[PDB]
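In structure tokens, one chain follows: the form deposited in one PDB entry.
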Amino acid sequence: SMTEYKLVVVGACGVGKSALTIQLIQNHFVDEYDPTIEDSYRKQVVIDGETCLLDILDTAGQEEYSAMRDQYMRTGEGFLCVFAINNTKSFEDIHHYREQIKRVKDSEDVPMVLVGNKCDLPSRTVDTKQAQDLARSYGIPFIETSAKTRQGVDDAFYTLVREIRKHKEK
């Protein structure tokens, strides 16, 4: 038998939410930026020997439509909170996403993974240590990724599945 997981990818504009998702789903990367409105994907994978059906909601990096975004958070089971390692504002934005998710789901324990993307680039402004410390303060995993090279992509999504599984089986 299989298990299904509702994953939601959030983060500021341009950090790589869609590139990460497309690498996971389709195993390719393109440097062309196509700004997201909303897209949803389904993929079957094996994680820890178990068959998993991943439902991925790829959200836009806008903050205006709170009614819709709150519904994304109510329905979603786990959140990939993405920032880009060469975009300090995107890292500063992370705490807003965590606060919104906790508020909407009325919980201090929501499955989530902090993702620092674009680690292939030579223009880093956010130290790995700073992101590690933030994730520790939240009690959540931190994973550095590159959608371009595929580094960490499977690890980020699979770790999120593991966080949902642990939360549901507590």
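Just count from 1 along the sequence shown to find any residue number. Think of the rigid core as the biggest set of C-alphas that the two forms share within 1.5 Å after superposition. Residues that one form lacks are left out of the comparison.
Form deposited in another entry: not shown, discussed below.
Taking the core as reference between this form and the one not shown, the lone member of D127, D120, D109, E63 whose Cα moves by 2 Å or more is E63.
Residue displacement note: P35 has its CA displaced by at least 2 Å between this form and the one not shown (rigid core superposed). Relative to this form, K43 and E38 approach one another in the other entry, with their C-alpha atoms ending up at least 3 Å closer. Annotation: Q62/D55 CA-CA distance shorter in the other entry than in the displayed model, change of at least 3 Å. Here is what shifts between this form and the one not shown when you lay the two on the core: runs of at least 3 residues, every Cα off by 2 Å or more, at 33 to 40, 61 to 71.
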